[PDB]
Chemist: 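Following this message is one structure expressed as structure tokens.
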Amino acid sequence: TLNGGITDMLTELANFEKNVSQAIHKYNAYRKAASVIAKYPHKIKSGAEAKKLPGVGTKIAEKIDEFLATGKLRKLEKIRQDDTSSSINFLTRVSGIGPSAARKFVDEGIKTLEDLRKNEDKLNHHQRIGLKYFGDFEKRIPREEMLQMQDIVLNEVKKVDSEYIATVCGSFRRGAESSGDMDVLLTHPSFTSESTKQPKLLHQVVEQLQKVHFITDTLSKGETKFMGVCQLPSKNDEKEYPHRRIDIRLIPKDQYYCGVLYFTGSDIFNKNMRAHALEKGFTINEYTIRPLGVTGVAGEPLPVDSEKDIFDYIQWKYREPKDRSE
DNA sequence: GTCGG
DNA sequence: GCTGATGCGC
DNA sequence: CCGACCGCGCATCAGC
Ligand SMILES: Nc1nc2c(ncn2[C@H]2C[C@H](O)[C@@H](COP(=O)(O)OP(=O)(O)[C@H](Br)P(=O)(O)O)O2)c(=O)[nH]1
Ligand SMILES: [Cl-]
Ligand SMILES: [Cl-]
Ligand SMILES: [Cl-]
Ligand SMILES: [Mg+2]
Ligand code: NA
Ligand code: NA
Ligand code: NA
């Protein structure tokens with residue numbers, strides 16, 4: 001929060017470009033600028049000072065000067081007053097509704113929560129669940145609650161098959177005091193990059209979690225990725241806990257390190273790391289790290305026995321999860 | 001919108 | 001039905 | 001300049 005005003009401004013601009021302008025590259029330019037500035041250990045005094053940082057150019061520098069001088073940005077003031085931009089930005093806050101759908105709904109006259117509620121028939125499955133829990137999905141999850149959730153997921157997975165290994169990743173693994181959702185990486189010896197000796201591995205787990213009433217809804221579900229909703233159980237007479245978003249990713253057991261690096265994030269950290277990889281002649285995904293041939297074609301997966309092995313390949317000093325929050 | 005070559 | 005493009009999400 | 005901007009799973013669609 002040392003430069004909270006500036007990072008908040010840049011994030012708002014990032015969201016505008018992503019949701020309204022549908023300019024993904026500008027969205028990322030703004031997110032990168034905010035990221036590097038949030039990391040800066042000094043209270044910024046000028047746009048010139050900020051321009052010294054990578055990711056901050058002439059345009060953002062000028063904006064930072066206006067913000068420092070007035071405490072606001074005219075470009076944003078106008079955007080906030082524009083009904084169409086405001087309507088679109090809002091609708092995209094519903095899980096399942098992206099920039100395209102938002103603009104389409106606005107075209108149809110659907111611009112508010114009230115509109116959405118009376119037009120459920122016009123929403124697909126995912127969007128319908130997103131609307132249902134709109135308020136809940138806005139709430140943060142205290143780490144204490146993440147711990148209780150972890151306890152349940154690990155114990156329930158254990159009950160299904162003692163050979164499963166469930167790991168909570170995301171901001172939780174990075175040690176955050178609160179998270180926006182729960183991300184679970186799952187492995188089982190029967191599923192490797194060499195073969196799938198058992199079917200329904202992910203299904204079995206989802207089924208068990210629904211059985212004990214932990215998972216309450218499903219946004220999407222496939223052989224390796226589950227995206228849904230969960231809820232901690234409450235005690236007699238006490239108010240129910242808010243529903244929470246949960247993602248479960250089944251990854252080949254032999255590709256655990258690339259998978260846990262990916263699922264631990266942050267998302268910006270992953271982008272920065274993968275981009276650096278490219279510069280070093282390697283490409284990284286949640287399964288492997290491969291060298292790039294003189295032609296630019298990915299080669300065979302390199303041996304990996306720790307997250308650190310991945311960092312070494314790209315000549316980066318190792319960074320613990322708690323230091324990957326970019 | 002910002003960067004490298 | 002399939003394959004490929006697109007939206008949306010992590 | 002001016003191209004490059006991380007990489008991928010699932011849902012939904014068009015075209016066949
Ligand atoms: N490569 C890549 N990985 C991504 C991306 N988006 C997410 N991931 C990876 C890295 C992410 O850490 C992880 C989970 O996505 P999450 O959105 O739940 O991210 P967190 O958990 O970090 C946020 Br702070 P919250 O849940 O506490 O509010 O997926 C992306 O665009 N690219
Ligand atoms: Cl763009
Ligand atoms: Cl690995
Ligand atoms: Cl791969
Ligand atoms: Mg998360
Ligand atoms: Na700069
Ligand atoms: Na959305
Ligand atoms: Na998540």
Side-chain angles (χ1 to χ4, degrees), chain A residues 9-10 13-14 16-19 21-37 47 50-64 75 91-105 123-130 137 169-173 179-186 202 206 218-229 245-252 255 258-280 282-290 292 296 298 310 314 326:
Chain A
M9 168 190 74
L10 300 175
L13 283 173
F16 166 87
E17 296 301 353
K18 180 179 188 300
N19 306 323
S21 304
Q22 290 182 283
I24 191 67
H25 298 305
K26 282 191 179 190
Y27 156 67
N28 287 313
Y30 281 120
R31 281 206 305 172
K32 171 176 285 190
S35 183
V36 69
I37 287 180
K51 190 183 183 304
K52 292 185 179 305
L53 302 180
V56 184
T58 308
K59 291 298 191 66
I60 291 182
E62 284 176 55
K63 288 180 171 56
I64 290 179
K75 181 183 177 63
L91 297 177
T92 60
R93 287 168 59 188
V94 179
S95 189
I97 302 179
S100 187
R103 187 172 285 285
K104 185 168 182 296
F105 283 130
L123 310 182
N124 58 38
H125 183 62
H126 185 155
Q127 301 169 331
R128 183 166 314 198
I129 304 302
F137 294 172
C169 302
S171 59
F172 176 83
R173 184 162 189 266
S179 301
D181 68 15
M182 174 169 264
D183 303 297
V184 185
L185 180 58
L186 183 66
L202 178 56
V206 174
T218 298
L219 293 178
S220 61
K221 182 171 174 296
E223 286 298 313
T224 63
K225 184 165 76 72
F226 173 79
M227 181 176 309
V229 187
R245 277 273 294 99
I246 179 166
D247 299 314
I248 306 178
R249 186 67 185 275
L250 172 60
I251 292 190
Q255 301 183 323
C258 283
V260 74
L261 173 65
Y262 152 71
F263 227 19
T264 294
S266 69
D267 60 336
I268 292 178
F269 167 86
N270 286 354
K271 292 179 75 290
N272 294 325
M273 191 174 178
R274 293 179 182 194
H276 181 66
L278 293 179
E279 290 174 49
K280 289 294 179 171
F282 302 81
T283 178
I284 298 171
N285 60 23
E286 61 265 59
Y287 310 121
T288 59
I289 177 172
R290 305 159 175 265
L292 295 177
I310 308 174
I314 65 182
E326 319 191 309

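All chains are named by letter (A, B, ...) in the order of the sequence lines, taking the proteins before the strands, and each is independently numbered beginning at 1. Side chains included, hydrogens not; waters and symmetry mates left out as well; all remaining heavy atoms used.
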Chemist: Categorize A:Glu286 for me: base, sugar-phosphate, or nothing, with a 4.0 angstrom heavy-atom threshold over every strand shown.
Modeler: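 Since only primed, P, OP1 and OP2 atoms lie under 4.0 Å of A:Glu286, the category is sugar-phosphate.
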Chemist: State, with a plain yes or no, whether a side-chain heavy atom of A:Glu223 is found less than 4.5 Å away from one of A:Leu202.
Modeler: no
Chemist: Could you tell me how far apart A:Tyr27 (OH) and B:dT2 (P) are, to the nearest whole angstrom?
Modeler: 17 Å
Chemist: Mind telling me the pucker class of D:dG15, north or south, from the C1'-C2'-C3'-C4' torsion?
Modeler: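 Sugar pucker of D:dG15 - south, given that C1'-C2'-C3'-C4' is below zero.
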Chemist: Given D:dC6, C:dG7, D:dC10, which nucleotide is nearest the side-chain atoms of A:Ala275?
Modeler: D:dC6
Chemist: When we call it a touch if two heavy atoms are under 4.0 Å apart, what does A:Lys32 touch: a base, just sugar-phosphate, or nothing?
Modeler: nothing
Chemist: Can you identify which nucleotide, out of D:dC8, B:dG1, D:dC6, has its nearest atom closest to the A:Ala29 side chain?
Modeler: B:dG1
Chemist: Give one of base, sugar-phosphate or nothing for A:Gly265, where a contact means two heavy atoms less than 4.0 Å apart.
Modeler: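 Result for A:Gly265 = nothing.
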Chemist: Just checking A:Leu278: base, sugar-phosphate only, or nothing, at a heavy-atom cut-off of under 4.0 Å?
Modeler: sugar-phosphate
Chemist: For the pair made of CZ in A:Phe263 and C1' in D:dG7, what is the distance, rounded to whole Å?
Modeler: 14 Å
Chemist: Given D:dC5, D:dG9, D:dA11, identify the nucleotide with an atom nearest to the side chain of A:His25.
Modeler: D:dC5
Chemist: Could you check whether atom NZ of A:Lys104 has more than 12 heavy atoms from other residues, nucleotides or ligands sitting under 6.0 Å from it?
Modeler: no
Chemist: Write down the distance between CG (A:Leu292) and P (D:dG7), rounded to a whole number of angstrom.
Modeler: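 For the pair A:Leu292 CG and D:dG7 P, the rounded distance is 8 Å.
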Chemist: Without decimals, in angstroms, what is the distance between A:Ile24 CD1 and D:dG7 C1'?
Modeler: 13 Å
Chemist: Return no unless some side-chain N or O of A:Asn124 is found under 4.0 Å from OP1 or OP2 of D:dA11.
Modeler: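 No.
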Chemist: Would you say A:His126 stacks on C:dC8, if stacking means ring centres under 5.5 Å apart and planes within less than 30 degrees?
Modeler: no
Chemist: Taking A:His125 for its side chain and A:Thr218 for its backbone only, find out whether a donor-acceptor pair lies under 3.5 Å.
Modeler: yes
Chemist: Pick base, sugar-phosphate or nothing for A:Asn28, based on heavy-atom distances below 4.0 Å to the nucleic acid.
Modeler: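 Touches nothing.
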Chemist: Nearest to the A:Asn285 side chain among C:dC8, D:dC5, D:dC8, which nucleotide is it?
Modeler: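 Selected nucleotide: D:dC8.
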Chemist: A:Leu219 CG to C:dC8 P: how many Å, rounded?
Modeler: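 It works out to 15 Å between those atoms.
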Chemist: Does A:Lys225 make a side-chain N or O approach to OP1 or OP2 of D:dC10 shorter than 4.0 Å?
Modeler: no
Chemist: Taking only side-chain nitrogens and oxygens of A:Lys271, does any of them come within less than 4.0 Å of OP1 or OP2 of D:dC6?
Modeler: yes
Chemist: For a quick check of understanding: with a heavy-atom distance under 4.0 Å over all strands, which category does A:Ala101 fall into, base, sugar-phosphate or nothing?
Modeler: sugar-phosphate
Chemist: According to salt bridge (charged side-chain N to carboxylate O under 4.0 Å, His left out), who are the partners of A:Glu286, at least two apart in sequence or on a separate chain?
Modeler: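 Result, salt bridge (charged side-chain N to carboxylate O under 4.0 Å, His left out) vs A:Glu286: A:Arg249.
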Chemist: Do the side chains of A:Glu326 and A:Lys32 get nearer than 4.5 Å, heavy atoms only?
Modeler: no
Chemist: Students often get this wrong, so: under 4.0 angstrom with heavy atoms, is A:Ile60 touching a base, only sugar-phosphate, or nothing?
Modeler: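 A:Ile60: backbone/sugar contact only, no base atoms under 4.0 Å.
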Chemist: So A:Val184, base contact, sugar-phosphate only, or nothing? Heavy-atom distance under 4.0 Å.
Modeler: nothing
Chemist: Would you call A:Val94 and A:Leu123 a side-chain contact if the rule is heavy atoms closer than 4.5 Å?
Modeler: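 Counting from C-beta outward, A:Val94 and A:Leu123 never come under 4.5 Å.
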Chemist: Do A:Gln127 side-chain atoms and A:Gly96 backbone N/O form a donor-acceptor pair below 3.5 Å?
Modeler: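 Here the side-chain-to-backbone pair exists.
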Chemist: Should C:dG1 be tagged north or south? The rule is the sign of the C1'-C2'-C3'-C4' torsion.
Modeler: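 On the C3'-endo side: north.
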Chemist: Nearest whole Å is fine: how far is D:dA4 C1' from A:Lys26 NZ?
Modeler: 17 Å
Chemist: B:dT2 P sits how many Å from A:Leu13 CG, rounded?
Modeler: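 It works out to 11 Å between those atoms.
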Chemist: For A:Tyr287 and D:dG9, is the shortest distance between a side-chain N/O and OP1 or OP2 below 4.0 Å?
Modeler: yes
Chemist: Can you tell me, in whole Å, how much space there is between the P of B:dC3 and that of D:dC6?
Modeler: 15 Å
Chemist: Does a side-chain N or O from A:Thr283 land closer than 4.0 Å to OP1 or OP2 of D:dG7, or not?
Modeler: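 So the side-chain polar atoms of A:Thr283 do come within 4.0 Å of the phosphate oxygens OP1 or OP2 of D:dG7, strictly under.
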Chemist: Give A:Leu53 one of three labels, base, sugar-phosphate or nothing, depending on what nucleic acid heavy atoms sit under 4.0 Å from its own.
Modeler: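 Sugar-phosphate, no base atom in range.
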Chemist: Provide, to the nearest angstrom, the distance between the CG atom belonging to A:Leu10 and the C1' atom belonging to B:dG1.
Modeler: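 That distance rounds to 11 Å.
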